[PDB]
Amino acid sequence: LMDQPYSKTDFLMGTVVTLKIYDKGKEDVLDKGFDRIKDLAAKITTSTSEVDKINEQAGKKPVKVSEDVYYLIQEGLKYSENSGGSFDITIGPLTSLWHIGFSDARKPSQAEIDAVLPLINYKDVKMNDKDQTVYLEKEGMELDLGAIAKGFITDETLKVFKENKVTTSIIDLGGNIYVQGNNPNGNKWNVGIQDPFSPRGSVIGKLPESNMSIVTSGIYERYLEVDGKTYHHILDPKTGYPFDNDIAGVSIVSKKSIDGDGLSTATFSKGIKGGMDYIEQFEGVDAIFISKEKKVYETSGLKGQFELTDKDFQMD
Ligand SMILES: Nc1ncnc2c1ncn2[C@@H]1O[C@H](COP(=O)(O)OP(=O)(O)OP(=O)(O)O)[C@@H](O)[C@H]1O
Ligand SMILES: [Mg+2]
Ligand SMILES: [Mg+2]
Ligand SMILES: [Mg+2]
C-alpha cells in the first residue's frame, strides 16, 4: 500500500467526482472506474438516455433496456413500495417541472402541479423479465432515477475496483463516500459527517469506518428561492411540494451505497423522529440527523462512535 494514492478527479453528473486507489500498481484502475461511471451516467440521466427512451414511449409501447437499467429500476420499485410511495421513481413529471438545482428552476403554478400528480404511481411501471422491457402504463409518465443513481454508480465503481483486486480506496461522488479497506497506517478511515449548512466538504464531526458507504443529503445545497420562500429538491409525490419538516440534513451509514441513497430520500418524508424509527428497522443501517436548529441525533448503531466537533451544533 502507498501512503500517497493514485488520484483522479472529473466533473460528472453535475458534481466533482474523485477516485483514490492506494494499491501499488493499480493506477490504470482509475480510468476503468471513471469509464464505468460515464457508462452508467449516460444510461440513466435525464439531463437521449435509456430512461429518456422509456419516458418517450409512456402509454405507447414497452422499451428494451440494458441489464444495468433494468436492475436499477427493479430496485427503485422496491424503495418506492417500502416507503409507501413517498419515494417514487415515477416522480419525473414533477421533478422535471420544478427542475430544482438547474439554472431554469421554477416554482410552477398549482394548475401545473395538479396536472402531474395523477401521473405519479410506481405501480404503473410494468416490467417484463423475459423481454427485459420497461413500460409506463399511462401517457405523460416519466421515470426519474436521480435519488438512487449516485449510490448505484458508487456500488458499481466498487465492483470494478474489486474485480481488479483493489483493496484500499476512496470513492467520492460529490461528498457521498465509500471507504474501502483501512487507512494505509492501519487505522479505520476517519469519515467526515457533512455540515448541511455549509458547502460539500465542510463537516460537523467524524466517524471511523471501514468497508462502508456514508452518503449525505441536505436541504440547503441547491434550493430555489423566490419571493422570500425556499424550495429544496426532495419533493413529496403526494402534494407536489418539497417535504416540510424538521430535517436540515441526514447522513446514512450502510454497507451498500444504493441503500443509503434510497433510504435517505425515503426518510425525508418522516421527519427526524419518524425517520429515526424507520432506520431502526433496517439491520446494518444507521443515521445521523441534523435539525434546522442545529440539533444532532444518532441512531442506536452509532452511539459512542460519532464524534461531534462543530461547537455550533449540539447532540440531542
Ligand atoms: N420523493 C422522491 N422520490 C424519488 N426521487 C426523487 C424524490 N424527490 C426528488 N427526487 C429526485 O432525486 C434527485 C436526487 O435526490 P436525493 O434525495 O438523492 O439528493 P441528495 O442525496 O440530497 O443530493 P446528492 O445526490 O447531490 O448528494 C432529485 O434531484 C430528484 O430528481
Ligand atoms: Mg442522491
Ligand atoms: Mg446524497
Ligand atoms: Mg437519495
# chains A, B, ... in the order shown; residues from 1 in each chain; ligands from 1

$ residues_around --residues "segment 252-264 of chain A" --least-positions-apart "5" --cutoff "6 Å" --atoms "only C-alpha atoms" --output "short mmCIF file (atom, residue, chain, number, x, y, z; two decimals) with N, CA and C atoms, in the first residue's frame"
data_model
loop_
_atom_site.label_atom_id
_atom_site.label_comp_id
_atom_site.auth_asym_id
_atom_site.auth_seq_id
_atom_site.Cartn_x
_atom_site.Cartn_y
_atom_site.Cartn_z
N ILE A 148 -31.42 7.44 -6.52
CA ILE A 148 -30.60 6.26 -6.29
C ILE A 148 -29.44 6.17 -7.27
N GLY A 151 -25.74 6.40 -5.61
CA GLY A 151 -25.46 5.22 -4.80
C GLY A 151 -25.21 3.99 -5.65
N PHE A 152 -26.08 3.75 -6.65
CA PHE A 152 -25.86 2.64 -7.56
C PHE A 152 -24.51 2.75 -8.26
N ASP A 155 -21.71 1.88 -5.94
CA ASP A 155 -21.62 0.43 -5.77
C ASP A 155 -20.96 -0.23 -6.98
N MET A 212 -17.47 0.68 3.98
CA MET A 212 -18.77 1.24 4.33
C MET A 212 -19.07 2.45 3.45
N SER A 213 -20.36 2.62 3.16
CA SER A 213 -20.86 3.81 2.50
C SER A 213 -21.35 4.82 3.53
N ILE A 214 -21.03 6.10 3.30
CA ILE A 214 -21.56 7.20 4.09
C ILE A 214 -22.05 8.24 3.09
N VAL A 215 -23.37 8.31 2.89
CA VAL A 215 -23.97 9.27 1.98
C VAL A 215 -24.47 10.46 2.79
N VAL A 285 -28.06 -0.58 9.12
CA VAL A 285 -28.19 0.77 8.59
C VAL A 285 -28.36 1.73 9.76
N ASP A 286 -27.60 2.82 9.75
CA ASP A 286 -27.70 3.81 10.82
C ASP A 286 -27.64 5.21 10.22
N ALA A 287 -27.96 6.21 11.05
CA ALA A 287 -28.11 7.56 10.52
C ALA A 287 -27.72 8.60 11.56
#

$ residues_around --residues "residue 207 of chain A" --least-positions-apart "6" --cutoff "12 Å" --atoms "only C-alpha atoms" --output "count of residues only"
26

$ closest_residue --among "A:97, A:147, A:2, A:13" --to "residue 42 of chain A" --atoms "only C-alpha atoms"
A:13

$ closest_atom_pairs --of "chain A" --to "ligand 1" --cutoff "7 Å" --atoms "only C-alpha atoms and all ligand atoms" --output "tab-separated table"
residue	atom	partner	partner_atom_place_in_ligand_line	distance
A:86	CA	ligand 1	1 (N)	5.5
A:87	CA	ligand 1	3 (N)	3.6
A:88	CA	ligand 1	3 (N)	4.3
A:89	CA	ligand 1	4 (C)	4.9
A:91	CA	ligand 1	4 (C)	6.0
A:95	CA	ligand 1	31 (O)	5.5
A:100	CA	ligand 1	29 (O)	6.7
A:144	CA	ligand 1	31 (O)	6.0
A:145	CA	ligand 1	5 (N)	6.4
A:146	CA	ligand 1	12 (O)	4.0
A:147	CA	ligand 1	18 (O)	3.3
A:148	CA	ligand 1	18 (O)	5.9
A:150	CA	ligand 1	25 (O)	6.1
A:174	CA	ligand 1	27 (O)	6.3
A:175	CA	ligand 1	27 (O)	6.7
A:176	CA	ligand 1	27 (O)	6.0
A:215	CA	ligand 1	27 (O)	7.0
A:216	CA	ligand 1	27 (O)	5.7
A:217	CA	ligand 1	22 (O)	3.6
A:218	CA	ligand 1	22 (O)	5.3
A:219	CA	ligand 1	22 (O)	6.9
A:233	CA	ligand 1	29 (O)	5.4
A:234	CA	ligand 1	8 (N)	3.8
A:235	CA	ligand 1	8 (N)	4.1
A:236	CA	ligand 1	1 (N)	5.2
A:237	CA	ligand 1	1 (N)	5.8
A:261	CA	ligand 1	18 (O)	5.7
A:262	CA	ligand 1	18 (O)	6.8
A:264	CA	ligand 1	17 (O)	6.5
A:265	CA	ligand 1	17 (O)	4.3
A:266	CA	ligand 1	1 (N)	6.8

$ residues_around --residues "residue 185 of chain A" --least-positions-apart "6" --cutoff "12 Å" --atoms "only C-alpha atoms" --output "NGL selection string"
:A and (1-4 or 22 or 168)

$ write_last_selection --atoms "N, CA and C atoms" --output "compact mmCIF listing (two decimals), in the first residue's frame"
# COMPACT_ATOMS: atom_id res chain seq x y z
N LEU A 1 0.82 -1.21 0.00
CA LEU A 1 0.00 0.00 0.00
C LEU A 1 0.85 1.27 0.00
N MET A 2 0.41 2.26 -0.76
CA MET A 2 1.12 3.52 -0.85
C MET A 2 0.57 4.51 0.17
N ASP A 3 1.44 5.40 0.64
CA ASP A 3 0.97 6.46 1.53
C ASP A 3 0.23 7.54 0.74
N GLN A 4 0.75 7.88 -0.43
CA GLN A 4 0.09 8.80 -1.34
C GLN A 4 -0.63 8.00 -2.41
N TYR A 22 -5.00 3.16 -3.34
CA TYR A 22 -3.75 3.09 -2.58
C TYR A 22 -2.93 1.84 -2.89
N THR A 168 -7.85 -1.05 -1.20
CA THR A 168 -7.82 0.13 -0.33
C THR A 168 -8.08 1.35 -1.19

$ select_by_dssp --residues "segment 9-156 of chain A" --states "alpha helix (DSSP H)" --output "PyMOL selection string"
chain A and resi 29-44+50-56+67-82+92-98+110-116+146-156

$ write_last_selection --atoms "C-alpha atoms" --output "PDB file, in the first residue's frame"
ATOM      1  CA  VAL A  29      -7.977   1.139 -12.484  1.00  0.00           C
ATOM      2  CA  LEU A  30      -8.815   4.839 -12.002  1.00  0.00           C
ATOM      3  CA  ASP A  31      -9.673   5.141 -15.696  1.00  0.00           C
ATOM      4  CA  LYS A  32     -11.639   1.863 -15.571  1.00  0.00           C
ATOM      5  CA  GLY A  33     -13.661   3.295 -12.699  1.00  0.00           C
ATOM      6  CA  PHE A  34     -14.335   6.562 -14.491  1.00  0.00           C
ATOM      7  CA  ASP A  35     -15.236   4.666 -17.685  1.00  0.00           C
ATOM      8  CA  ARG A  36     -17.864   2.738 -15.713  1.00  0.00           C
ATOM      9  CA  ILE A  37     -19.226   5.932 -14.131  1.00  0.00           C
ATOM     10  CA  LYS A  38     -19.538   7.612 -17.537  1.00  0.00           C
ATOM     11  CA  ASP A  39     -21.173   4.473 -18.967  1.00  0.00           C
ATOM     12  CA  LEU A  40     -23.851   4.359 -16.263  1.00  0.00           C
ATOM     13  CA  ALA A  41     -24.471   8.114 -16.136  1.00  0.00           C
ATOM     14  CA  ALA A  42     -25.208   8.144 -19.868  1.00  0.00           C
ATOM     15  CA  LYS A  43     -27.787   5.351 -19.470  1.00  0.00           C
ATOM     16  CA  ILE A  44     -29.784   6.760 -16.547  1.00  0.00           C
ATOM     17  CA  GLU A  50     -32.329   4.734 -21.866  1.00  0.00           C
ATOM     18  CA  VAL A  51     -34.541   6.390 -19.266  1.00  0.00           C
ATOM     19  CA  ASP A  52     -35.474   9.070 -21.816  1.00  0.00           C
ATOM     20  CA  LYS A  53     -36.463   6.312 -24.260  1.00  0.00           C
ATOM     21  CA  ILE A  54     -38.776   4.649 -21.723  1.00  0.00           C
ATOM     22  CA  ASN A  55     -40.338   8.027 -20.989  1.00  0.00           C
ATOM     23  CA  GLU A  56     -40.885   8.860 -24.661  1.00  0.00           C
ATOM     24  CA  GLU A  67     -29.238  -5.053 -17.663  1.00  0.00           C
ATOM     25  CA  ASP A  68     -27.904  -2.066 -15.666  1.00  0.00           C
ATOM     26  CA  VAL A  69     -31.083  -0.071 -16.241  1.00  0.00           C
ATOM     27  CA  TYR A  70     -33.485  -2.981 -15.700  1.00  0.00           C
ATOM     28  CA  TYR A  71     -31.797  -3.699 -12.363  1.00  0.00           C
ATOM     29  CA  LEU A  72     -31.788  -0.089 -11.180  1.00  0.00           C
ATOM     30  CA  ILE A  73     -35.498   0.258 -11.970  1.00  0.00           C
ATOM     31  CA  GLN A  74     -36.242  -3.063 -10.230  1.00  0.00           C
ATOM     32  CA  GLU A  75     -34.509  -1.729  -7.130  1.00  0.00           C
ATOM     33  CA  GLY A  76     -36.184   1.666  -7.438  1.00  0.00           C
ATOM     34  CA  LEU A  77     -39.584  -0.039  -7.384  1.00  0.00           C
ATOM     35  CA  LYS A  78     -38.622  -1.732  -4.107  1.00  0.00           C
ATOM     36  CA  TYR A  79     -37.579   1.551  -2.462  1.00  0.00           C
ATOM     37  CA  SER A  80     -40.844   3.031  -3.745  1.00  0.00           C
ATOM     38  CA  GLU A  81     -43.036   0.293  -2.258  1.00  0.00           C
ATOM     39  CA  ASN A  82     -41.125   0.146   1.042  1.00  0.00           C
ATOM     40  CA  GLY A  92     -40.354  12.506 -13.087  1.00  0.00           C
ATOM     41  CA  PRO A  93     -43.182  14.750 -14.329  1.00  0.00           C
ATOM     42  CA  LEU A  94     -42.993  16.690 -11.051  1.00  0.00           C
ATOM     43  CA  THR A  95     -39.197  16.908 -10.695  1.00  0.00           C
ATOM     44  CA  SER A  96     -38.984  17.967 -14.372  1.00  0.00           C
ATOM     45  CA  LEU A  97     -41.498  20.746 -13.682  1.00  0.00           C
ATOM     46  CA  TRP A  98     -39.617  22.378 -10.790  1.00  0.00           C
ATOM     47  CA  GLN A 110     -50.910  24.926  -8.762  1.00  0.00           C
ATOM     48  CA  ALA A 111     -52.659  24.065 -12.028  1.00  0.00           C
ATOM     49  CA  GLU A 112     -49.370  22.722 -13.410  1.00  0.00           C
ATOM     50  CA  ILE A 113     -48.902  20.669 -10.241  1.00  0.00           C
ATOM     51  CA  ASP A 114     -52.441  19.297 -10.295  1.00  0.00           C
ATOM     52  CA  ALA A 115     -51.868  18.185 -13.898  1.00  0.00           C
ATOM     53  CA  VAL A 116     -48.891  15.954 -12.962  1.00  0.00           C
ATOM     54  CA  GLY A 146     -31.871  10.540  -9.565  1.00  0.00           C
ATOM     55  CA  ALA A 147     -32.482   9.571  -5.921  1.00  0.00           C
ATOM     56  CA  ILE A 148     -30.595   6.263  -6.289  1.00  0.00           C
ATOM     57  CA  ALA A 149     -28.289   6.999  -9.238  1.00  0.00           C
ATOM     58  CA  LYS A 150     -25.204   8.074  -7.292  1.00  0.00           C
ATOM     59  CA  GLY A 151     -25.458   5.225  -4.805  1.00  0.00           C
ATOM     60  CA  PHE A 152     -25.862   2.638  -7.563  1.00  0.00           C
ATOM     61  CA  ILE A 153     -22.934   4.102  -9.510  1.00  0.00           C
ATOM     62  CA  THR A 154     -20.793   4.101  -6.359  1.00  0.00           C
ATOM     63  CA  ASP A 155     -21.616   0.427  -5.767  1.00  0.00           C
ATOM     64  CA  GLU A 156     -20.774  -0.380  -9.391  1.00  0.00           C
TER      65      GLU A 156
END

$ residues_around --residues "residue 61 of chain A" --least-positions-apart "4" --cutoff "12 Å" --atoms "only C-alpha atoms" --output "PyMOL selection string"
chain A and resi 53-57+125-127+133-139

$ select_by_dssp --residues "segment 41-224 of chain A" --states "strand (DSSP E)" --output "VMD selection string"
chain A and resid 63 to 64 125 to 128 133 to 136 169 to 173 176 to 180 189 to 194 203 to 209 212 to 218 224

$ write_last_selection --atoms "N, CA and C atoms" --output "short mmCIF file (atom, residue, chain, number, x, y, z; two decimals), in the first residue's frame"
data_model
loop_
_atom_site.label_atom_id
_atom_site.label_comp_id
_atom_site.auth_asym_id
_atom_site.auth_seq_id
_atom_site.Cartn_x
_atom_site.Cartn_y
_atom_site.Cartn_z
N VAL A 63 -40.29 -0.65 -23.69
CA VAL A 63 -38.98 -0.27 -24.20
C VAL A 63 -37.92 -1.25 -23.70
N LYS A 64 -37.10 -1.75 -24.62
CA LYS A 64 -35.98 -2.62 -24.26
C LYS A 64 -34.91 -1.82 -23.53
N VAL A 125 -45.56 1.00 -13.40
CA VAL A 125 -44.35 0.60 -14.09
C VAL A 125 -44.43 -0.91 -14.29
N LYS A 126 -44.52 -1.35 -15.54
CA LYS A 126 -44.71 -2.76 -15.85
C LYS A 126 -43.40 -3.34 -16.38
N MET A 127 -42.87 -4.34 -15.68
CA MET A 127 -41.58 -4.92 -16.02
C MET A 127 -41.80 -6.30 -16.61
N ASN A 128 -41.10 -6.60 -17.70
CA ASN A 128 -41.15 -7.93 -18.31
C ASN A 128 -39.76 -8.54 -18.24
N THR A 133 -37.92 -5.57 -20.78
CA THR A 133 -38.56 -4.32 -21.15
C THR A 133 -39.18 -3.65 -19.93
N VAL A 134 -39.30 -2.33 -20.03
CA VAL A 134 -39.99 -1.50 -19.06
C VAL A 134 -41.08 -0.74 -19.80
N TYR A 135 -42.27 -0.68 -19.21
CA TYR A 135 -43.40 0.00 -19.83
C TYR A 135 -44.08 0.88 -18.79
N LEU A 136 -44.24 2.16 -19.11
CA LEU A 136 -45.06 3.04 -18.28
C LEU A 136 -46.49 3.01 -18.81
N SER A 169 -9.23 1.99 -1.00
CA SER A 169 -9.62 3.04 -1.94
C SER A 169 -10.65 3.95 -1.29
N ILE A 170 -10.83 5.11 -1.91
CA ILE A 170 -11.90 6.03 -1.52
C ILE A 170 -12.62 6.48 -2.78
N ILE A 171 -13.94 6.30 -2.79
CA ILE A 171 -14.80 6.74 -3.89
C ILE A 171 -15.60 7.93 -3.38
N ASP A 172 -15.46 9.08 -4.05
CA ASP A 172 -16.12 10.31 -3.61
C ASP A 172 -16.94 10.86 -4.77
N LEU A 173 -18.26 10.72 -4.68
CA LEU A 173 -19.18 11.32 -5.65
C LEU A 173 -19.85 12.52 -4.98
N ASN A 176 -20.59 12.23 -1.29
CA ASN A 176 -21.05 10.89 -0.93
C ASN A 176 -19.89 9.92 -1.07
N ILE A 177 -19.61 9.17 -0.01
CA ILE A 177 -18.33 8.50 0.18
C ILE A 177 -18.51 6.99 0.29
N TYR A 178 -17.62 6.23 -0.34
CA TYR A 178 -17.38 4.84 0.05
C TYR A 178 -15.90 4.69 0.41
N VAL A 179 -15.62 4.14 1.59
CA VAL A 179 -14.25 3.89 2.03
C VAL A 179 -14.02 2.38 2.00
N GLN A 180 -13.02 1.95 1.24
CA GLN A 180 -12.68 0.54 1.11
C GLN A 180 -11.41 0.25 1.91
N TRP A 189 -10.65 4.49 8.49
CA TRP A 189 -10.78 5.80 7.87
C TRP A 189 -11.62 6.71 8.76
N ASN A 190 -11.19 7.96 8.90
CA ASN A 190 -11.98 8.95 9.63
C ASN A 190 -12.84 9.70 8.63
N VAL A 191 -14.14 9.41 8.64
CA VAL A 191 -15.05 9.91 7.62
C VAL A 191 -15.77 11.13 8.17
N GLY A 192 -15.73 12.22 7.42
CA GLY A 192 -16.43 13.42 7.84
C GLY A 192 -17.93 13.27 7.71
N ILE A 193 -18.65 13.81 8.68
CA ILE A 193 -20.10 13.91 8.60
C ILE A 193 -20.42 15.32 8.13
N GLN A 194 -21.07 15.41 6.96
CA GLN A 194 -21.25 16.68 6.26
C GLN A 194 -22.08 17.67 7.06
N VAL A 203 -17.58 19.80 7.49
CA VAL A 203 -18.12 18.73 8.33
C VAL A 203 -18.49 19.27 9.71
N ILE A 204 -19.33 18.50 10.41
CA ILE A 204 -19.66 18.76 11.81
C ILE A 204 -19.00 17.79 12.77
N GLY A 205 -18.33 16.76 12.27
CA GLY A 205 -17.76 15.73 13.11
C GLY A 205 -17.25 14.59 12.25
N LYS A 206 -16.80 13.53 12.92
CA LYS A 206 -16.11 12.43 12.27
C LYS A 206 -16.66 11.10 12.76
N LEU A 207 -16.58 10.09 11.88
CA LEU A 207 -17.00 8.72 12.17
C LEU A 207 -15.97 7.74 11.62
N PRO A 208 -15.31 6.93 12.46
CA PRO A 208 -14.38 5.93 11.92
C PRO A 208 -15.14 4.79 11.24
N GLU A 209 -14.72 4.46 10.02
CA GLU A 209 -15.39 3.39 9.29
C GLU A 209 -14.41 2.68 8.36
N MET A 212 -17.47 0.68 3.98
CA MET A 212 -18.77 1.24 4.33
C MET A 212 -19.07 2.45 3.45
N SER A 213 -20.36 2.62 3.16
CA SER A 213 -20.86 3.81 2.50
C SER A 213 -21.35 4.82 3.53
N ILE A 214 -21.03 6.10 3.30
CA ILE A 214 -21.56 7.20 4.09
C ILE A 214 -22.05 8.24 3.09
N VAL A 215 -23.37 8.31 2.89
CA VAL A 215 -23.97 9.27 1.98
C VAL A 215 -24.47 10.46 2.79
N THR A 216 -24.74 11.56 2.10
CA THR A 216 -25.21 12.75 2.79
C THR A 216 -26.22 13.49 1.92
N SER A 217 -27.15 14.15 2.59
CA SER A 217 -28.22 14.88 1.91
C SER A 217 -28.59 16.08 2.77
N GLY A 218 -28.82 17.21 2.13
CA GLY A 218 -29.14 18.42 2.87
C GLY A 218 -30.03 19.33 2.06
N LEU A 224 -34.25 26.51 -4.69
CA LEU A 224 -34.76 27.67 -5.41
C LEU A 224 -35.35 28.64 -4.41
#

$ closest_residue --among "A:201, A:117, A:297, A:18" --to "residue 275 of chain A" --atoms "only C-alpha atoms"
A:297

$ closest_residue --among "A:65, A:277, A:310, A:228" --to "residue 130 of chain A" --atoms "only C-alpha atoms"
A:65

$ closest_residue --among "A:101, A:250, A:160, A:282" --to "ligand 4" --atoms "only C-alpha atoms and all ligand atoms"
A:250
